[PDB]
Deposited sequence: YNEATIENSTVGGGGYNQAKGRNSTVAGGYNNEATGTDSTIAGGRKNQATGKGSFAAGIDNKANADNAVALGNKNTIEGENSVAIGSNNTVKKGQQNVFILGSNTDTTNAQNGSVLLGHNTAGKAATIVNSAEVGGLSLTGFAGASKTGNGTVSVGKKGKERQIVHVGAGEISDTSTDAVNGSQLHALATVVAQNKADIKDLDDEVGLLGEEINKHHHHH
């Protein structure tokens, strides 16, 4: 039914308006589904698209491009190799390989090789050894992951973020450095003052002797 194969062997365009352009053992089952080519691909979702080896573009609007990208949650994308989005993980976006989406919530983005999804936390405040930090902006959706535990990735060439009480811009090392220079100066001032207080203490104690 306005379906097209294409060329190759054992290819099936079973979906209405579906297309398999070629390759081997490609099955496009969804309405408006597409397999550009490769081998052992499926595309069961409406308007889905797969190319490469052993992908499953198996939910509506799924994009699965490369090797062994499985998509079974709506409006999701996986490009690269060995990635899986499972049914009821919606709007998940992977550009990466050998990822882990066990903990990826809806809306989450995974970037890079060996990258893991992680559940969003709500961080409005923080307590650091008896000091309270309060009033954090942007305590919301999923997360954006750039690596996994034990295999973290630096983010580089990051522009200086707005530094203010509502800012939700990322901060770079120079901004931390700049605040730390003041902290280091405060700590030296405290020492200078301490020396002064000690000397003042000695003079008082000196004074009563030979009064």
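Worksheet entry | Where the deposited sequence has no C-alpha coordinates (positions from 1, in order) | Deposited residues absent from the model fall in 1-6, 147-149.
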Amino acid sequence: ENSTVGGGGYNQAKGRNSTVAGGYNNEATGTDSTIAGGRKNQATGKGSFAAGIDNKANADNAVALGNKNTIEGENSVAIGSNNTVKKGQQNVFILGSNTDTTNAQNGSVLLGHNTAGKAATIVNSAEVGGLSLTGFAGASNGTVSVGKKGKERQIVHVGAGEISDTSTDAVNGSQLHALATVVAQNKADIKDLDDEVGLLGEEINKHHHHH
From here on, numbers count along this sequence of modelled residues.
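Discussion item. Looking at the temperature factor on the CA atom of residue 45, which third of the chain's modelled residues does it land in?
Written reply: It falls in the middle third of the chain.
Fill in: Third of the chain, ranked by Cα B-factor, where residue 190 sits
As the PDB entry reports it, the C-alpha B-factor of residue 190 lands in the middle third of its chain.
Item to complete: Classify residue 109 as lowest, middle or highest third according to the C-alpha B-factor given in the PDB entry, relative to its own chain.
Response: For residue 109, whose C-alpha B-factor we compare with every modelled residue in the chain, the answer is the lowest third.
Fill in: Among modelled residues of the same chain, the CA temperature factor third for residue 96
Ranked within chain, residue 96 CA B lands in the lowest tercile.
Discussion item. By the recorded C-alpha temperature factor, relative to the other modelled residues in its chain, which third is residue 140 in?
Written reply: Top third by C-alpha B-factor.
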